[PDB]
Amino acid sequence: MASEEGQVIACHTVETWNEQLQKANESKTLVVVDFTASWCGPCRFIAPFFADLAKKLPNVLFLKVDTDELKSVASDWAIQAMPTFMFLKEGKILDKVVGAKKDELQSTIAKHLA
């Protein structure tokens, strides 16, 4: 019985990023992506919470996109504020949270929490 929760897929390459998104689309999986940087303070501070989210939601695909890593990807998705949390459903973008917002994030989470 393999049930590994609490983990987020960190794409250090576009391949993993692509691989997961295509899968999320095809498998109609709800995906939440965090565009962030490991060298970013508030971004790192909000990181355990996103992992916590993964810990309760194994049916949701969580992804870490590091903006230092995938800087060109972050530029195409137009992520200028860090971190940006994007909530998609079935691979289709629903809504995103721009910047680390502690209280408001919760409200965006509750929106999707059902």
# chains A, B, ... in the order shown; residues from 1 in each chain; ligands from 1
$ select_by_dssp --residues "stretch 3-64 of chain A" --states "alpha helix (DSSP H)" --output "MDAnalysis selection string"
chainID A and resid 14:26 41:56
$ residues_around --residues "stretch 63-66 of chain A" --least-positions-apart "4" --cutoff "6 Å" --atoms "only C-alpha atoms" --output "PDB file with N, CA and C atoms, in the first residue's frame"
ATOM      1  N   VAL A   8       4.668  17.430  -2.914  1.00  0.00           N
ATOM      2  CA  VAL A   8       4.375  18.299  -4.028  1.00  0.00           C
ATOM      3  C   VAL A   8       5.406  18.008  -5.113  1.00  0.00           C
ATOM      4  N   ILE A   9       5.021  18.001  -6.392  1.00  0.00           N
ATOM      5  CA  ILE A   9       6.002  17.677  -7.400  1.00  0.00           C
ATOM      6  C   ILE A   9       6.772  18.927  -7.813  1.00  0.00           C
ATOM      7  N   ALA A  10       8.038  18.944  -7.510  1.00  0.00           N
ATOM      8  CA  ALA A  10       8.874  20.071  -7.825  1.00  0.00           C
ATOM      9  C   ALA A  10       9.507  19.888  -9.176  1.00  0.00           C
ATOM     10  N   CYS A  11       9.120  20.711 -10.105  1.00  0.00           N
ATOM     11  CA  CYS A  11       9.626  20.621 -11.420  1.00  0.00           C
ATOM     12  C   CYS A  11      10.889  21.432 -11.527  1.00  0.00           C
ATOM     13  N   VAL A  33      -0.608  24.869  -8.628  1.00  0.00           N
ATOM     14  CA  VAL A  33       0.782  25.137  -8.882  1.00  0.00           C
ATOM     15  C   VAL A  33       1.250  26.346  -8.094  1.00  0.00           C
ATOM     16  N   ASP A  34       2.382  26.218  -7.469  1.00  0.00           N
ATOM     17  CA  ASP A  34       3.005  27.297  -6.734  1.00  0.00           C
ATOM     18  C   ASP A  34       4.261  27.760  -7.440  1.00  0.00           C
ATOM     19  N   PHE A  35       4.223  28.970  -7.948  1.00  0.00           N
ATOM     20  CA  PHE A  35       5.358  29.559  -8.572  1.00  0.00           C
ATOM     21  C   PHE A  35       6.088  30.330  -7.501  1.00  0.00           C
ATOM     22  N   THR A  36       7.284  29.925  -7.219  1.00  0.00           N
ATOM     23  CA  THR A  36       7.973  30.403  -6.060  1.00  0.00           C
ATOM     24  C   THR A  36       9.487  30.314  -6.291  1.00  0.00           C
ATOM     25  N   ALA A  37      10.268  30.746  -5.335  1.00  0.00           N
ATOM     26  CA  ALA A  37      11.710  30.592  -5.393  1.00  0.00           C
ATOM     27  C   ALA A  37      12.216  30.150  -4.050  1.00  0.00           C
ATOM     28  N   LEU A  70      12.984  27.625 -13.416  1.00  0.00           N
ATOM     29  CA  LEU A  70      12.253  27.753 -14.613  1.00  0.00           C
ATOM     30  C   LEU A  70      11.860  29.211 -14.844  1.00  0.00           C
TER      31      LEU A  70
END
$ residues_around --residues "residue A:112" --least-positions-apart "6" --cutoff "10 Å" --atoms "only C-alpha atoms" --output "list in words"
residues 30, 87, 88, 89, 94, 95 and 106 of chain A
$ closest_residue --among "A:57, A:78, A:31, A:40" --to "residue A:90" --atoms "only C-alpha atoms"
A:31
$ closest_residue --among "A:61, A:93, A:43, A:114" --to "residue A:17" --atoms "only C-alpha atoms"
A:61
$ closest_residue --among "A:7, A:20, A:108, A:27" --to "residue A:54" --atoms "only C-alpha atoms"
A:7
$ residues_around --residues "residue A:80" --least-positions-apart "6" --cutoff "12 Å" --atoms "only C-alpha atoms" --output "PDB file with N, CA and C atoms, in the first residue's frame"
ATOM      1  N   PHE A  35       4.223  28.970  -7.948  1.00  0.00           N
ATOM      2  CA  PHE A  35       5.358  29.559  -8.572  1.00  0.00           C
ATOM      3  C   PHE A  35       6.088  30.330  -7.501  1.00  0.00           C
ATOM      4  N   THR A  36       7.284  29.925  -7.219  1.00  0.00           N
ATOM      5  CA  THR A  36       7.973  30.403  -6.060  1.00  0.00           C
ATOM      6  C   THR A  36       9.487  30.314  -6.291  1.00  0.00           C
ATOM      7  N   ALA A  37      10.268  30.746  -5.335  1.00  0.00           N
ATOM      8  CA  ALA A  37      11.710  30.592  -5.393  1.00  0.00           C
ATOM      9  C   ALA A  37      12.216  30.150  -4.050  1.00  0.00           C
ATOM     10  N   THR A  67      11.037  29.687  -9.739  1.00  0.00           N
ATOM     11  CA  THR A  67      11.230  30.755 -10.695  1.00  0.00           C
ATOM     12  C   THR A  67      12.702  31.008 -11.037  1.00  0.00           C
ATOM     13  N   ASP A  68      13.597  30.530 -10.203  1.00  0.00           N
ATOM     14  CA  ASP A  68      15.019  30.639 -10.487  1.00  0.00           C
ATOM     15  C   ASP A  68      15.370  29.538 -11.443  1.00  0.00           C
ATOM     16  N   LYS A  71      12.868  30.041 -14.992  1.00  0.00           N
ATOM     17  CA  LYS A  71      12.688  31.479 -15.142  1.00  0.00           C
ATOM     18  C   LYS A  71      11.979  31.854 -16.443  1.00  0.00           C
ATOM     19  N   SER A  72      12.237  31.111 -17.500  1.00  0.00           N
ATOM     20  CA  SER A  72      11.611  31.386 -18.771  1.00  0.00           C
ATOM     21  C   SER A  72      10.144  30.958 -18.743  1.00  0.00           C
ATOM     22  N   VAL A  73       9.866  29.882 -18.019  1.00  0.00           N
ATOM     23  CA  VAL A  73       8.506  29.387 -17.878  1.00  0.00           C
ATOM     24  C   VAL A  73       7.688  30.397 -17.077  1.00  0.00           C
ATOM     25  N   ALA A  74       8.274  30.868 -15.983  1.00  0.00           N
ATOM     26  CA  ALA A  74       7.640  31.858 -15.121  1.00  0.00           C
ATOM     27  C   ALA A  74       7.358  33.156 -15.879  1.00  0.00           C
ATOM     28  N   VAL A  98      -2.064  35.858  -5.998  1.00  0.00           N
ATOM     29  CA  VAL A  98      -0.850  36.545  -6.311  1.00  0.00           C
ATOM     30  C   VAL A  98      -0.184  37.092  -5.037  1.00  0.00           C
ATOM     31  N   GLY A  99       0.989  36.576  -4.739  1.00  0.00           N
ATOM     32  CA  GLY A  99       1.720  37.003  -3.576  1.00  0.00           C
ATOM     33  C   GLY A  99       1.368  36.158  -2.377  1.00  0.00           C
TER      34      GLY A  99
END
